[PDB]
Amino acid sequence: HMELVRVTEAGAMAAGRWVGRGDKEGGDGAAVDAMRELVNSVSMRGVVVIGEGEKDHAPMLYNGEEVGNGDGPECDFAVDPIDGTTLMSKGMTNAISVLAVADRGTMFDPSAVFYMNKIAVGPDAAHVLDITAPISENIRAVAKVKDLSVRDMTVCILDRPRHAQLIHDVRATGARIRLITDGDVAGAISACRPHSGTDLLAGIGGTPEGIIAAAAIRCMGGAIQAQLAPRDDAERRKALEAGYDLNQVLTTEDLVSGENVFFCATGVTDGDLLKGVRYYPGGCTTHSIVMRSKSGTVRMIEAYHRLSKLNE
């Protein structure tokens, strides 16, 4: 329901007061607290599948917690109160507050392994992706299915040392790189939205971000492919002991299946799709995206919040 946008609107507005203030935990707490107060007010019966972590040293929106007013069917609840906490704390671009809802039990287990390799593309080339192939074959494939020259392709990649080869290969095909410092989820949405200046998202990031990204892709169209990415053999055992086929190419629908999927986001700082919170004498504005798998409707929502009296 469109009401869920008020959850990310509250998370963005709380985080807005911490933009640039060098306090990551201050910003997270504000957003987490505003989001939970407002989510326990929406007509919804939810369990936190993706959130701040497990119960002990994450006392709010911990994985397992119940959320919503009490009524409604039960459903999976994923929340990233600030995707890009460090971006927020330093006043840098592309921080967003993020929520996704899906049928109960239909979200992948975010704790399987911390990281996953991802590639994502918009709808027109949703069926030519292969994460097992080198990035060049994916670039060339997508550039052909989209009929563009390869020097006009843009690949969004997190700027990390572990990506030195991924970055070199993309350049060596002549395509371009949009280097982001954080925001896997925003990066995927960018690759999937019509003519955004970004054709492909590629690289290794977090397993929760990948699941949250898949929920949006289930709504706006396109495809993500993923494989788990153990950080060492210790985690690789833990992943195998738990019963994961570490060679499976996980698809959008593996990460979030289920008939009904909701995604919405609101900008914290100015970014690639959403403007961040802006302040005025009377109040503030927020910029939000809201989407739904069943209809496929996508709404862009600009909201003025008068934090004051009428007619001042």
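Numbers follow the displayed sequence, beginning with 1.
Visitor: Select between 1-9 and 303-311 the stretch whose C-alpha atoms have the higher average B-factor in the entry.
Guide: Stretch with the greater average CA B-factor: 303-311.
Visitor: Averaging C-alpha B-factors over each stretch, which comes out higher, 229-237 or 153-161?
Guide: The stretch with the larger mean CA B-factor is 229-237.
Visitor: Between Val67, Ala31, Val277, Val256, where does the Cα B-factor run highest in the record?
Guide: Each of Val67, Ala31, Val277, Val256 was compared by C-alpha B-factor; the highest is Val67.
Visitor: Check the PDB entry and point out which of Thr252, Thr286, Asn260, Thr269 has the largest C-alpha temperature factor.
Guide: It is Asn260.
Visitor: Would you please rank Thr181 by its C-alpha temperature factor against the other modelled residues of its chain and give the third it falls in: lowest, middle or highest?
Guide: Lowest third of the chain for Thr181's C-alpha B-factor.
Visitor: Relative to the other modelled residues in the chain, which third contains the C-alpha temperature factor of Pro73: lowest, middle or highest?
Guide: For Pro73, the deposited C-alpha B-factor lands in the highest third.
Visitor: Please place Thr132 in the lowest, middle or highest third of its chain according to the CA B-factor in the PDB entry.
Guide: Within its chain, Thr132 is a highest-third residue by C-alpha B-factor, going by the deposited values.
Visitor: Compare the C-alpha B factor of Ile119 with those of the other modelled residues in its chain, then answer lowest, middle or highest third.
Guide: Within its chain, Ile119 is a lowest-third residue by C-alpha B-factor, going by the deposited values.
Visitor: What third of its chain's C-alpha B-factors does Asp147 belong to: lowest, middle or highest?
Guide: Highest third.
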